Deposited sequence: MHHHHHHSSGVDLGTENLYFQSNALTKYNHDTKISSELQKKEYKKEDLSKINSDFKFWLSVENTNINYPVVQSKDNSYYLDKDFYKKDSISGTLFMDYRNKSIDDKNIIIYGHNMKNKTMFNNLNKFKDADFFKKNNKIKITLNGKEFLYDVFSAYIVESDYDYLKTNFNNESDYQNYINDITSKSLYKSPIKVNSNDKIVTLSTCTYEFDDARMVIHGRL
């Protein structure tokens, strides 16, 4: 078990989160907290003006090979139809490494929910597709519904959770393992 600077910072932020401190004041790019059931994915999510900045920058905007979990710069509101979050596949089993657990059929069968926590509100998304291999914007419902069909059938396993254009979707992607939730 490796204790290094990255693992320390992230466990401290988890604690500030539990002590309900305002993390915006540490980094104005903070958007919400993210956790995934039955994993150690339990991190802060930030947003830059691009999809690159926080690849190599910790929550304090110092260098880090762990980066910070960040949301696609195109995302606007919690009501976006696909909220996309990116994070790394770290070797010490941190960040988005545990997305791999969704490779396990039985694990997948279970209902592990993705939990966005924002402004004292909890948004639960039920995972319904996972696989190894990205749109935030849809011009209308047709494109959307096609996106849903597209990613539903890319799933390694058929989900008992069914999904359509009246649901909102979250997408946890590594930067290649990928999973989609539905609200």
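Asker: Where does the model have holes with respect to the deposited sequence?
Answerer: No C-alpha for residues 1-25, 159-164, 207-213.
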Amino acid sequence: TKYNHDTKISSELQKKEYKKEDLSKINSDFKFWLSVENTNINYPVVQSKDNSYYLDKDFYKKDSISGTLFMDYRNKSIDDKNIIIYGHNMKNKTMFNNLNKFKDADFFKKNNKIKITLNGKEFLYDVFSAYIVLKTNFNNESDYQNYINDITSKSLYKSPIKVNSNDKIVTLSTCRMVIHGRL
From here on, numbers count along this sequence of modelled residues.
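Asker: Could you check which stretch, 33-41 or 147-155, carries the larger mean CA temperature factor in the entry?
Answerer: It is 147-155 that shows the higher mean C-alpha B-factor.
Asker: Going by the CA temperature factor in the entry, name the top one among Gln47, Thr117, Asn139, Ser129.
Answerer: Of the options given, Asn139 has the highest CA B-factor in the PDB entry.
Asker: Can you tell me whether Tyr73 has a C-alpha B-factor in the lowest, middle or highest third compared with the other modelled residues of the same chain?
Answerer: Tercile = middle for this residue's CA B-factor.
Asker: Where does the C-alpha B-factor of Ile65 rank in its chain, lowest, middle or highest third?
Answerer: CA B-factor rank for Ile65: middle third.
Asker: Please place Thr7 in the lowest, middle or highest third of its chain by C-alpha B factor as given in the entry.
Answerer: Answer is lowest: the recorded C-alpha B-factor places it there.
Asker: For the chain shown, is the CA B-factor of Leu23 in the lowest, middle or highest third of its modelled residues?
Answerer: As the PDB entry reports it, the C-alpha B-factor of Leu23 lands in the middle third of its chain.
Asker: Lowest, middle or highest third: which one holds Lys113 when the chain's residues are ordered by CA B-factor from the entry?
Answerer: For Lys113, whose C-alpha B-factor we compare with every modelled residue in the chain, the answer is the middle third.
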